[PDB]
Amino acid sequence: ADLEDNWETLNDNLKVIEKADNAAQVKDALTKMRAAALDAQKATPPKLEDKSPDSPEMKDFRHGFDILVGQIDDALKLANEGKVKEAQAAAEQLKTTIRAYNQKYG
């Protein structure tokens with residue numbers, strides 16, 4: 001279960017919001033992304049630290065993920081307001097986010 005697995009956690013995530021059936025399972029999946037989100041902070045395609053850049057500037061890298069991860073949970077906020085389709089659309093934003101970013105930053 002190497003880096004390829006972190007992607008798996010994130011995989012089933014888009015899967016459920018896409019198939020949440022109800023705004024209820026949407027909040028659930030997004031709550032997992034919260035976990036899989038910052039977890040990627042220390043487990044992302046570029047693993048940020050590819051050797052030993054500095055070590056403290058790492059949480060700052062969270063600042064970058066904090067942005068993309070910020071609108072994800074905001075979808076969690078919306079789904080609570082009944083944004084089933086809209087929250088799902090925000091889902092394809094996370095998918096292309098990484099690819100558009102150039103496979104995130106790898």
# chains A, B, ... in the order shown; residues from 1 in each chain; ligands from 1
$ select_by_dssp --residues "stretch 31-88 of chain A" --states "helix (DSSP H, G or I)" --output "PDB file with C-alpha atoms, in the first residue's frame"
ATOM      1  CA  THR A  31     -15.159  13.833   5.486  1.00  0.00           C
ATOM      2  CA  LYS A  32     -12.829  11.020   4.323  1.00  0.00           C
ATOM      3  CA  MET A  33     -11.122  13.382   1.866  1.00  0.00           C
ATOM      4  CA  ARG A  34     -10.371  15.554   4.924  1.00  0.00           C
ATOM      5  CA  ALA A  35      -8.401  12.576   6.232  1.00  0.00           C
ATOM      6  CA  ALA A  36      -7.023  11.549   2.815  1.00  0.00           C
ATOM      7  CA  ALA A  37      -6.463  15.278   2.120  1.00  0.00           C
ATOM      8  CA  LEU A  38      -3.892  16.324   4.725  1.00  0.00           C
ATOM      9  CA  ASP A  39      -2.659  12.732   4.695  1.00  0.00           C
ATOM     10  CA  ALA A  40      -1.526  13.535   1.168  1.00  0.00           C
ATOM     11  CA  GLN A  41       0.299  16.489   2.841  1.00  0.00           C
ATOM     12  CA  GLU A  57       8.811  24.499   5.224  1.00  0.00           C
ATOM     13  CA  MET A  58       6.823  21.252   4.998  1.00  0.00           C
ATOM     14  CA  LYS A  59       3.693  22.473   6.821  1.00  0.00           C
ATOM     15  CA  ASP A  60       3.950  25.534   4.543  1.00  0.00           C
ATOM     16  CA  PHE A  61       3.463  23.036   1.708  1.00  0.00           C
ATOM     17  CA  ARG A  62       0.172  22.403   3.540  1.00  0.00           C
ATOM     18  CA  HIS A  63      -0.525  26.034   2.652  1.00  0.00           C
ATOM     19  CA  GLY A  64      -0.659  24.926  -1.015  1.00  0.00           C
ATOM     20  CA  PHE A  65      -2.777  21.846  -0.192  1.00  0.00           C
ATOM     21  CA  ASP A  66      -4.712  23.991   2.263  1.00  0.00           C
ATOM     22  CA  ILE A  67      -6.015  25.910  -0.773  1.00  0.00           C
ATOM     23  CA  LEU A  68      -7.128  22.958  -2.913  1.00  0.00           C
ATOM     24  CA  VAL A  69      -8.244  21.069   0.233  1.00  0.00           C
ATOM     25  CA  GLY A  70     -10.096  24.256   1.282  1.00  0.00           C
ATOM     26  CA  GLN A  71     -12.733  24.209  -1.472  1.00  0.00           C
ATOM     27  CA  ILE A  72     -13.154  20.426  -1.122  1.00  0.00           C
ATOM     28  CA  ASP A  73     -14.532  20.654   2.415  1.00  0.00           C
ATOM     29  CA  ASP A  74     -16.466  23.717   1.310  1.00  0.00           C
ATOM     30  CA  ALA A  75     -18.316  21.240  -0.895  1.00  0.00           C
ATOM     31  CA  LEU A  76     -19.078  19.432   2.377  1.00  0.00           C
ATOM     32  CA  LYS A  77     -20.539  22.748   3.501  1.00  0.00           C
ATOM     33  CA  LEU A  78     -22.624  23.033   0.358  1.00  0.00           C
ATOM     34  CA  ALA A  79     -23.903  19.421   0.400  1.00  0.00           C
ATOM     35  CA  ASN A  80     -25.292  20.240   3.870  1.00  0.00           C
ATOM     36  CA  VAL A  84     -26.050  17.106  -4.483  1.00  0.00           C
ATOM     37  CA  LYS A  85     -25.229  17.903  -8.144  1.00  0.00           C
ATOM     38  CA  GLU A  86     -23.212  21.040  -7.371  1.00  0.00           C
ATOM     39  CA  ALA A  87     -21.107  19.248  -4.721  1.00  0.00           C
ATOM     40  CA  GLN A  88     -20.593  16.369  -7.182  1.00  0.00           C
TER      41      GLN A  88
END
$ atom_distance --atom1 "atom CA of residue A:90" --atom2 "atom CA of residue A:47"
24.7 Å
$ residues_around --residues "residue A:2" --least-positions-apart "4" --cutoff "10 Å" --atoms "only C-alpha atoms" --output "count of residues only"
3
$ atom_distance --atom1 "atom CA of residue A:29" --atom2 "atom CA of residue A:49"
27.9 Å
$ atom_distance --atom1 "atom CA of residue A:94" --atom2 "atom CA of residue A:15"
12.2 Å
